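**Q** Contents of work.pdb (PDB, C-alpha atoms and all ligand atoms):
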```pdb
ATOM      1  CA  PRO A   2     -19.784 -17.056 -15.741
ATOM      2  CA  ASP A   3     -19.087 -13.323 -16.097
ATOM      3  CA  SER A   4     -18.099 -13.087 -12.416
ATOM      4  CA  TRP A   5     -14.416 -12.778 -13.381
ATOM      5  CA  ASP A   6     -12.321 -11.731 -16.359
ATOM      6  CA  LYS A   7     -11.311 -14.594 -18.644
ATOM      7  CA  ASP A   8      -8.223 -12.767 -19.930
ATOM      8  CA  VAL A   9      -6.700 -12.389 -16.461
ATOM      9  CA  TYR A  10      -7.422 -16.059 -15.622
ATOM     10  CA  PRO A  11      -6.948 -18.026 -18.855
ATOM     11  CA  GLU A  12      -8.354 -21.535 -19.165
ATOM     12  CA  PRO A  13      -7.946 -23.917 -22.119
ATOM     13  CA  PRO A  14     -11.034 -24.855 -24.166
ATOM     14  CA  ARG A  15     -11.607 -27.920 -21.920
ATOM     15  CA  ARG A  16     -11.970 -30.661 -24.510
ATOM     16  CA  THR A  17     -13.604 -33.782 -23.078
ATOM     17  CA  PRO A  18     -14.115 -37.295 -24.493
ATOM     18  CA  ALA A  19     -17.459 -38.784 -25.455
ATOM     19  CA  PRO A  20     -18.830 -42.003 -23.913
ATOM     20  CA  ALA A  21     -18.102 -45.101 -26.015
ATOM     21  CA  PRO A  22     -19.705 -48.003 -24.128
ATOM     22  CA  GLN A  23     -18.126 -51.231 -25.356
ATOM     23  CA  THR A  24     -20.417 -53.482 -23.277
ATOM     24  CA  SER A  25     -24.168 -53.709 -22.775
ATOM     25  CA  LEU A  26     -23.688 -53.842 -19.003
ATOM     26  CA  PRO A  27     -25.334 -50.711 -17.515
ATOM     27  CA  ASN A  28     -22.901 -48.742 -15.382
ATOM     28  CA  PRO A  29     -23.745 -47.430 -11.895
ATOM     29  CA  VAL A  30     -22.090 -44.044 -12.462
ATOM     30  CA  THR A  31     -24.643 -42.728 -14.964
ATOM     31  CA  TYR A  32     -27.604 -43.825 -12.830
ATOM     32  CA  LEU A  33     -25.972 -42.358  -9.722
ATOM     33  CA  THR A  34     -25.384 -39.053 -11.525
ATOM     34  CA  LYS A  35     -28.981 -39.015 -12.785
ATOM     35  CA  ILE A  36     -30.440 -39.593  -9.322
ATOM     36  CA  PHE A  37     -27.991 -37.078  -7.828
ATOM     37  CA  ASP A  38     -29.164 -34.467 -10.318
ATOM     38  CA  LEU A  39     -32.856 -35.177  -9.731
ATOM     39  CA  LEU A  40     -32.524 -35.241  -5.934
ATOM     40  CA  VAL A  41     -29.960 -32.461  -5.290
ATOM     41  CA  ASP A  42     -29.434 -30.108  -8.214
ATOM     42  CA  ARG A  43     -33.104 -29.389  -8.922
ATOM     43  CA  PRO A  44     -34.013 -28.255  -5.358
ATOM     44  CA  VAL A  45     -30.806 -26.214  -5.151
ATOM     45  CA  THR A  46     -31.580 -24.655  -8.531
ATOM     46  CA  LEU A  47     -35.141 -23.719  -7.542
ATOM     47  CA  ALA A  48     -33.916 -22.222  -4.268
ATOM     48  CA  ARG A  49     -31.356 -20.198  -6.213
ATOM     49  CA  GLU A  50     -34.025 -18.943  -8.616
ATOM     50  CA  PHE A  51     -36.173 -17.830  -5.675
ATOM     51  CA  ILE A  52     -33.231 -16.049  -4.036
ATOM     52  CA  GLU A  53     -32.147 -14.483  -7.335
ATOM     53  CA  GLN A  54     -35.608 -13.078  -8.033
ATOM     54  CA  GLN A  55     -35.726 -11.711  -4.485
ATOM     55  CA  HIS A  56     -32.378 -10.013  -5.126
ATOM     56  CA  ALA A  57     -33.549  -8.682  -8.498
ATOM     57  CA  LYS A  58     -36.514  -7.100  -6.720
ATOM     58  CA  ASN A  59     -34.018  -4.864  -4.849
ATOM     59  CA  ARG A  60     -31.050  -3.921  -7.040
ATOM     60  CA  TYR A  61     -28.397  -1.469  -5.863
ATOM     61  CA  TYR A  62     -24.817  -0.737  -6.831
ATOM     62  CA  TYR A  63     -21.380  -0.277  -5.302
ATOM     63  CA  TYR A  64     -18.325   1.294  -6.898
ATOM     64  CA  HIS A  65     -14.575   0.795  -7.154
ATOM     65  CA  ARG A  66     -12.461   3.632  -5.770
ATOM     66  CA  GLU A  67     -10.079   5.497  -8.070
ATOM     67  CA  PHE A  68      -6.866   7.083  -6.798
ATOM     68  CA  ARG A  69      -5.168   9.982  -8.544
ATOM     69  CA  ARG A  70      -1.410  10.063  -8.980
ATOM     70  CA  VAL A  71       0.772  12.188  -6.705
ATOM     71  CA  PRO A  72       4.465  13.111  -6.812
ATOM     72  CA  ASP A  73       6.547  10.181  -5.629
ATOM     73  CA  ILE A  74       9.502  10.203  -3.245
ATOM     74  CA  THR A  75      11.989  11.010  -6.023
ATOM     75  CA  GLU A  76      10.356  14.433  -6.520
ATOM     76  CA  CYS A  77       9.957  15.344  -2.842
ATOM     77  CA  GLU A  78      12.160  17.822  -1.011
ATOM     78  CA  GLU A  79      14.545  16.543   1.640
ATOM     79  CA  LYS A  80      12.576  17.801   4.653
ATOM     80  CA  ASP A  81       9.168  18.545   3.095
ATOM     81  CA  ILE A  82       6.966  16.296   5.210
ATOM     82  CA  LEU A  83       3.679  16.719   3.299
ATOM     83  CA  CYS A  84       5.012  15.491  -0.039
ATOM     84  CA  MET A  85       6.842  12.705   1.792
ATOM     85  CA  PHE A  86       3.540  11.635   3.356
ATOM     86  CA  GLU A  87       1.737  11.625   0.005
ATOM     87  CA  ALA A  88       4.558   9.748  -1.734
ATOM     88  CA  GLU A  89       4.727   7.219   1.102
ATOM     89  CA  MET A  90       1.002   6.481   0.877
ATOM     90  CA  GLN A  91       1.224   6.100  -2.900
ATOM     91  CA  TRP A  92       4.199   3.747  -2.579
ATOM     92  CA  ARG A  93       2.369   1.615  -0.013
ATOM     93  CA  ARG A  94      -0.646   1.265  -2.303
ATOM     94  CA  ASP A  95       1.624   0.308  -5.208
ATOM     95  CA  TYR A  96       3.300  -2.274  -2.957
ATOM     96  CA  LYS A  97      -0.088  -3.821  -2.162
ATOM     97  CA  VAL A  98      -0.980  -3.927  -5.860
ATOM     98  CA  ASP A  99       2.350  -5.599  -6.661
ATOM     99  CA  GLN A 100       1.677  -8.204  -3.973
ATOM    100  CA  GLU A 101      -1.683  -8.960  -5.572
ATOM    101  CA  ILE A 102      -0.070  -9.232  -9.025
ATOM    102  CA  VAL A 103       2.309 -11.870  -7.670
ATOM    103  CA  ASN A 104      -0.702 -13.575  -6.077
ATOM    104  CA  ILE A 105      -2.486 -13.704  -9.440
ATOM    105  CA  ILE A 106       0.531 -15.215 -11.185
ATOM    106  CA  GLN A 107       0.924 -17.804  -8.417
ATOM    107  CA  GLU A 108      -2.745 -18.761  -8.742
ATOM    108  CA  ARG A 109      -2.214 -19.230 -12.480
ATOM    109  CA  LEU A 110       0.778 -21.478 -11.797
ATOM    110  CA  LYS A 111      -1.091 -23.610  -9.252
ATOM    111  CA  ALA A 112      -4.117 -24.033 -11.513
ATOM    112  CA  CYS A 113      -1.872 -25.057 -14.413
ATOM    113  CA  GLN A 114      -0.049 -27.646 -12.303
ATOM    114  CA  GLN A 115      -3.294 -29.191 -11.086
ATOM    115  CA  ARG A 116      -4.961 -29.117 -14.505
ATOM    116  CA  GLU A 117      -2.154 -30.605 -16.583
ATOM    117  CA  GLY A 118      -2.210 -33.892 -14.677
ATOM    118  CA  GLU A 119       0.970 -35.841 -15.342
ATOM    119  CA  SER A 120       2.348 -33.621 -18.141
ATOM    120  CA  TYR A 121       2.709 -30.560 -15.899
ATOM    121  CA  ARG A 122       6.511 -30.446 -16.181
ATOM    122  CA  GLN A 123       6.034 -29.668 -19.885
ATOM    123  CA  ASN A 124       2.670 -27.937 -20.264
ATOM    124  CA  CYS A 125       3.252 -25.327 -17.520
ATOM    125  CA  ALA A 126       6.596 -24.010 -18.760
ATOM    126  CA  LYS A 127       5.034 -20.714 -19.865
ATOM    127  CA  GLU A 128       3.449 -20.205 -16.444
ATOM    128  CA  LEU A 129       6.723 -21.147 -14.749
ATOM    129  CA  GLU A 130       8.620 -18.606 -16.868
ATOM    130  CA  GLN A 131       6.041 -15.894 -16.198
ATOM    131  CA  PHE A 132       6.207 -16.556 -12.459
ATOM    132  CA  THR A 133      10.010 -16.497 -12.615
ATOM    133  CA  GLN A 134       9.897 -13.073 -14.270
ATOM    134  CA  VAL A 135       7.360 -11.658 -11.809
ATOM    135  CA  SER A 136       9.275 -13.113  -8.851
ATOM    136  CA  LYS A 137      12.533 -11.579 -10.077
ATOM    137  CA  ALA A 138      10.881  -8.178 -10.477
ATOM    138  CA  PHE A 139       9.197  -8.284  -7.059
ATOM    139  CA  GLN A 140      12.380  -9.492  -5.356
ATOM    140  CA  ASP A 141      14.403  -6.682  -6.904
ATOM    141  CA  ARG A 142      11.787  -4.100  -5.933
ATOM    142  CA  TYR A 143      11.007  -5.048  -2.345
ATOM    143  CA  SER A 144      13.274  -7.709  -0.827
ATOM    144  CA  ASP A 145      15.628  -6.987   2.096
ATOM    145  CA  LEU A 146      13.904  -3.701   2.979
ATOM    146  CA  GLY A 147      13.128  -4.832   6.530
ATOM    147  CA  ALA A 148      10.230  -4.537   8.923
ATOM    148  CA  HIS A 149      10.536  -0.736   8.954
ATOM    149  CA  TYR A 150      10.375  -0.437   5.184
ATOM    150  CA  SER A 151       9.534   2.793   3.386
ATOM    151  CA  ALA A 152       9.719   4.524   0.027
ATOM    152  CA  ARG A 153      13.092   6.050   0.911
ATOM    153  CA  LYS A 154      14.658   2.636   1.517
ATOM    154  CA  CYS A 155      13.233   1.267  -1.733
ATOM    155  CA  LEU A 156      14.629   4.295  -3.565
ATOM    156  CA  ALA A 157      18.052   3.840  -1.959
ATOM    157  CA  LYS A 158      18.104   0.148  -2.890
ATOM    158  CA  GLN A 159      17.192   1.011  -6.479
ATOM    159  CA  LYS A 160      19.891   3.692  -6.581
ATOM    160  CA  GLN A 161      22.536   1.261  -5.355
ATOM    161  CA  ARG A 162      21.441  -1.293  -7.956
ATOM    162  CA  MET A 163      21.622   1.349 -10.695
ATOM    163  CA  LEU A 164      25.109   2.417  -9.604
ATOM    164  CA  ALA A 165      26.231  -1.217  -9.729
ATOM    165  CA  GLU A 166      24.672  -1.699 -13.174
ATOM    166  CA  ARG A 167      26.214   1.500 -14.542
ATOM    167  CA  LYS A 168      29.665   0.620 -13.205
ATOM    168  CA  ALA A 169      29.533  -2.924 -14.592
ATOM    169  CA  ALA A 170      28.279  -1.743 -17.990
ATOM    170  CA  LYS A 171      30.957   0.957 -18.169
ATOM    171  CA  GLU A 172      33.664  -1.565 -17.294
ATOM    172  CA  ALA A 173      32.404  -4.019 -19.925
ATOM    173  CA  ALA A 174      32.137  -1.310 -22.598
ATOM    174  CA  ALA A 175      35.750  -0.162 -22.145
ATOM    175  CA  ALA A 176      37.228  -3.683 -22.179
TER     176      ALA A 176
ATOM    177  CA  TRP B 120     -24.397   0.079   7.228
ATOM    178  CA  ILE B 121     -21.474  -0.214   9.658
ATOM    179  CA  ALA B 122     -19.420   2.240   7.608
ATOM    180  CA  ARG B 123     -22.360   4.642   7.317
ATOM    181  CA  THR B 124     -23.253   4.559  11.012
ATOM    182  CA  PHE B 125     -19.912   4.376  12.829
ATOM    183  CA  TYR B 126     -17.036   5.415  10.552
ATOM    184  CA  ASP B 127     -15.890   8.123   8.138
ATOM    185  CA  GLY B 128     -14.244   8.346   4.730
ATOM    186  CA  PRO B 129     -10.514   7.919   4.134
ATOM    187  CA  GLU B 130     -10.104  11.585   3.190
ATOM    188  CA  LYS B 131     -10.875  12.792   6.717
ATOM    189  CA  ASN B 132      -8.087  10.732   8.287
ATOM    190  CA  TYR B 133      -5.753  11.515   5.374
ATOM    191  CA  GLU B 134      -6.106  15.282   5.721
ATOM    192  CA  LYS B 135      -6.035  15.166   9.527
ATOM    193  CA  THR B 136      -2.743  13.275   9.334
ATOM    194  CA  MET B 137      -1.420  15.902   6.926
ATOM    195  CA  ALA B 138      -2.331  18.666   9.385
ATOM    196  CA  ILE B 139      -0.806  16.805  12.344
ATOM    197  CA  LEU B 140       2.400  16.178  10.402
ATOM    198  CA  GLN B 141       2.631  19.854   9.463
ATOM    199  CA  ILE B 142       2.151  20.988  13.063
ATOM    200  CA  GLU B 143       4.714  18.607  14.507
ATOM    201  CA  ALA B 144       7.307  19.270  11.793
ATOM    202  CA  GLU B 145       6.993  22.992  12.511
ATOM    203  CA  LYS B 146       7.438  22.246  16.212
ATOM    204  CA  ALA B 147      10.617  20.243  15.565
ATOM    205  CA  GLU B 148      12.061  23.017  13.401
ATOM    206  CA  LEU B 149      11.257  25.576  16.097
ATOM    207  CA  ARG B 150      12.968  23.411  18.721
ATOM    208  CA  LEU B 151      16.206  23.175  16.725
ATOM    209  CA  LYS B 152      16.072  26.911  16.034
ATOM    210  CA  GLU B 153      15.539  27.647  19.733
ATOM    211  CA  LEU B 154      18.573  25.579  20.689
ATOM    212  CA  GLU B 155      20.753  27.348  18.117
ATOM    213  CA  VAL B 156      19.524  30.816  19.118
ATOM    214  CA  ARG B 157      20.117  30.090  22.806
ATOM    215  CA  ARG B 158      23.651  28.902  22.076
ATOM    216  CA  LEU B 159      24.403  32.012  20.020
ATOM    217  CA  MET B 160      23.005  34.479  22.562
ATOM    218  CA  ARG B 161      24.778  32.820  25.480
ATOM    219  CA  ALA B 162      28.079  32.827  23.585
ATOM    220  CA  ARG B 163      27.814  36.418  22.306
ATOM    221  CA  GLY B 164      25.581  38.251  24.768
ATOM    222  CA  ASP B 165      24.215  40.642  22.129
ATOM    223  CA  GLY B 166      20.597  39.513  22.420
ATOM    224  CA  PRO B 167      17.790  40.052  24.923
ATOM    225  CA  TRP B 168      18.664  36.819  26.735
ATOM    226  CA  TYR B 169      21.580  36.198  29.098
ATOM    227  CA  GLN B 170      21.897  39.918  29.850
ATOM    228  CA  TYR B 171      23.789  40.032  33.103
ATOM    229  CA  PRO B 172      23.593  43.244  35.137
ATOM    230  CA  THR B 173      26.178  46.024  35.167
ATOM    231  CA  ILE B 174      26.646  49.146  37.269
ATOM    232  CA  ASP B 175      24.154  51.913  36.535
ATOM    233  CA  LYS B 176      25.650  55.102  35.114
ATOM    234  CA  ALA B 177      23.113  57.309  36.907
ATOM    235  CA  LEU B 178      24.893  56.564  40.201
ATOM    236  CA  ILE B 179      28.080  58.462  39.307
ATOM    237  CA  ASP B 180      28.398  61.930  40.838
ATOM    238  CA  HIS B 181      29.466  64.535  38.263
ATOM    239  CA  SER B 182      30.522  67.464  40.447
ATOM    240  CA  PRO B 183      33.804  69.095  41.480
ATOM    241  CA  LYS B 184      35.395  66.785  44.034
ATOM    242  CA  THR B 185      37.490  69.100  46.252
ATOM    243  CA  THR B 186      40.469  68.180  44.071
ATOM    244  CA  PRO B 187      40.897  69.034  40.370
ATOM    245  CA  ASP B 188      42.158  65.566  39.384
ATOM    246  CA  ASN B 189      39.099  63.761  40.813
TER     247      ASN B 189
HETATM  248  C1  LIG A 201     -27.287  -8.446  12.428
HETATM  249  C2  LIG A 201     -26.379  -7.310  12.848
HETATM  250  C3  LIG A 201     -24.914  -7.706  12.714
HETATM  251  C4  LIG A 201     -23.989  -6.590  13.182
HETATM  252  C5  LIG A 201     -24.264  -6.235  14.637
HETATM  253  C6  LIG A 201     -23.469  -5.002  15.038
HETATM  254  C7  LIG A 201     -23.800  -4.575  16.460
HETATM  255  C8  LIG A 201     -22.813  -3.517  16.932
HETATM  256  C9  LIG A 201     -22.604  -3.615  18.437
HETATM  257  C10 LIG A 201     -21.148  -3.354  18.799
HETATM  258  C11 LIG A 201     -20.710  -1.983  18.307
HETATM  259  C12 LIG A 201     -19.479  -1.513  19.066
HETATM  260  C13 LIG A 201     -19.371   0.003  19.015
HETATM  261  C14 LIG A 201     -18.576   0.447  17.798
HETATM  262  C15 LIG A 201     -18.498   1.965  17.732
HETATM  263  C16 LIG A 201     -18.759   2.568  19.104
HETATM  264  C17 LIG A 201     -17.842   3.756  19.354
HETATM  265  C18 LIG A 201     -17.884   4.746  18.200
HETATM  266  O1  LIG A 201     -17.126   4.227  17.105
HETATM  267  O2  LIG A 201     -19.234   4.922  17.793
HETATM  268  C19 LIG A 201     -19.783   6.127  18.314
HETATM  269  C20 LIG A 201     -21.298   6.058  18.187
HETATM  270  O3  LIG A 201     -21.753   5.017  19.047
HETATM  271  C21 LIG A 201     -23.152   4.784  18.951
HETATM  272  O4  LIG A 201     -23.839   6.038  18.898
HETATM  273  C22 LIG A 201     -23.605   4.012  20.187
HETATM  274  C23 LIG A 201     -23.093   2.577  20.185
HETATM  275  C24 LIG A 201     -23.582   1.829  21.421
HETATM  276  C25 LIG A 201     -23.867   0.366  21.105
HETATM  277  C26 LIG A 201     -24.488  -0.359  22.295
HETATM  278  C27 LIG A 201     -24.990  -1.738  21.884
HETATM  279  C28 LIG A 201     -25.209  -2.645  23.090
HETATM  280  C29 LIG A 201     -26.170  -2.023  24.096
HETATM  281  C30 LIG A 201     -26.703  -3.069  25.067
HETATM  282  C31 LIG A 201     -27.805  -2.481  25.941
HETATM  283  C32 LIG A 201     -28.733  -3.565  26.481
HETATM  284  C33 LIG A 201     -30.025  -2.962  27.025
HETATM  285  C34 LIG A 201     -29.922  -2.624  28.508
HETATM  286  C35 LIG A 201     -30.169  -3.859  29.367
HETATM  287  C36 LIG A 201     -30.228  -3.511  30.839
HETATM  288  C37 LIG A 201     -19.249   7.333  17.554
HETATM  289  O5  LIG A 201     -19.780   7.342  16.234
HETATM  290  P1  LIG A 201     -20.016   8.744  15.486
HETATM  291  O6  LIG A 201     -18.814   9.618  15.746
HETATM  292  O7  LIG A 201     -21.395   9.239  15.844
HETATM  293  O8  LIG A 201     -20.012   8.323  13.933
HETATM  294  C38 LIG A 201     -20.194   9.300  12.912
HETATM  295  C39 LIG A 201     -20.007   8.630  11.560
HETATM  296  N1  LIG A 201     -20.197   9.617  10.492
HETATM  297  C40 LIG A 201     -19.238  10.715  10.667
HETATM  298  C41 LIG A 201     -19.977   8.977   9.188
HETATM  299  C42 LIG A 201     -21.568  10.136  10.553
END
```
As structure tokens, what does this structure read like?
Ligand SMILES: CCCCCCCCCCCCCCCCC[C@@H](O)O[C@H](CO[C@H](O)CCCCCCCCCCCCCCC)COP(=O)(O)OCC[N+](C)(C)C

**A**
Amino acid sequence: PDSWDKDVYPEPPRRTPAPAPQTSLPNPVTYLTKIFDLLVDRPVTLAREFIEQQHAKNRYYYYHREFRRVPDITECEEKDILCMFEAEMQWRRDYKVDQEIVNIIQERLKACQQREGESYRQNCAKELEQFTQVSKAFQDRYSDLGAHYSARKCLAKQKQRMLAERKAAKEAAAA
Amino acid sequence: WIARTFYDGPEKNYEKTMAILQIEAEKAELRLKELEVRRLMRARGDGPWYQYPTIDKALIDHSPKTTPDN
């Protein structure tokens, strides 16, 4: 189904076994599935075709909204309130997008754990690593800002981290 | 339909907030400037404010006063 992008939400090829009946005893599962199909799926399918043709009779579109880039808080004057407002709004939108990125990675991790069955501790190591990386990035960017968070506080936290990194690297280089 | 009938686009609120922020930032700057100007005039007394009265010079009589040495 084209309803979502397959690259964003990867799924393995879904290999499934074939039936190899070793006895002549007829199973109840196949008959139950056959009667379920005949009694449930067909009426649902016909209703969906009717609804889909009704929708196709009246086709109209809606669009995704694009947002231009604006100067961020690093290139805003100390007391210039208009550029601070624009930078703040941009930073808030980027924060929301980052939240949704972490959501997507977490959904990937959950789907992997459910799908892999009993070998999840091995077959989901890539997803676990990717979530670890995204979690580290998000935690560095946004954690400990507080309830009254803003772009200025995020910038100050980044600046303090960069000072610490520069000092540690300088000390290691000259040792 | 709800958005069409009752509400407005994001740009209207965005630009109105920009205008409101401009107005109120100007007001804050003017308030600080007023406090500083009032302090300076009251300390110095060289401005239009805090001008306390003095004796008028048109009251003095400039005429010989029955005695040469005033
Ligand atoms: C199947 C339907 C599902 C949805 C049902 C929705 C029903 C809505 C009822 C509740 C609505 C609450 C009101 C929400 C808005 C009202 C206040 C304001 O936001 O609306 C005003 C407008 O309000 C409406 O004109 C009137 C709303 C009154 C609703 C009354 C409903 C109940 C009446 C019950 C009367 C019963 C009969 C009398 C019995 C004695 C101002 O809008 P306006 O600034 O113009 O918008 C311009 C938008 N532009 C710029 C993009 C063009």

**Q** Can you translate the PyMOL selection byres (((not hetatm)) within 7 of (chain A and resi 201)) into the concrete residues it hits in this file, as a VMD selection string?

**A** chain B and resid 122 to 127

**Q** Taking only C-alpha atoms into account, name the residue in A:132, A:86, A:121, A:139 that is nearest to chain B.

**A**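 Of A:132, A:86, A:121, A:139, the one nearest chain B, counting only C-alpha atoms, is A:86.
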
**Q** Counting only C-alpha atoms, which residues from chain B have an atom at most 10 Å from any atom of chain A, and could you show them as a PyMOL selection string?

**A** chain B and resi 133+136-138+140-141+143-145

**Q** Just to be explicit: take each residue in the selection above, keep C-alpha atoms, and write the result as a compact mmCIF listing (two decimals), in the frame of the given file.

**A**
```txt
# COMPACT_ATOMS: atom_id res chain seq x y z
CA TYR B 133 -5.75 11.52 5.37
CA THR B 136 -2.74 13.28 9.33
CA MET B 137 -1.42 15.90 6.93
CA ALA B 138 -2.33 18.67 9.38
CA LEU B 140 2.40 16.18 10.40
CA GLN B 141 2.63 19.85 9.46
CA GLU B 143 4.71 18.61 14.51
CA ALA B 144 7.31 19.27 11.79
CA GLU B 145 6.99 22.99 12.51
```

**Q** To one decimal place, how far is CA of residue 110 (chain A) from CA of residue 94 (chain A) in Å?

**A**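 A separation of 24.7 Å between them.
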
**Q** Between CA of residue 30 (chain A) and CA of residue 16 (chain A), measure the distance and give it in Å to one decimal.

**A**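 So the answer is 20.7 Å.
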
**Q** To test your reading of the syntax: which residues would the PyMOL selection byres (((chain A and resi 69) around 12) and not hetatm) return for the file shown? Reply as number ranges by chain.

**A** A: 66-68, 70-72, 87-88, 90-91, 94
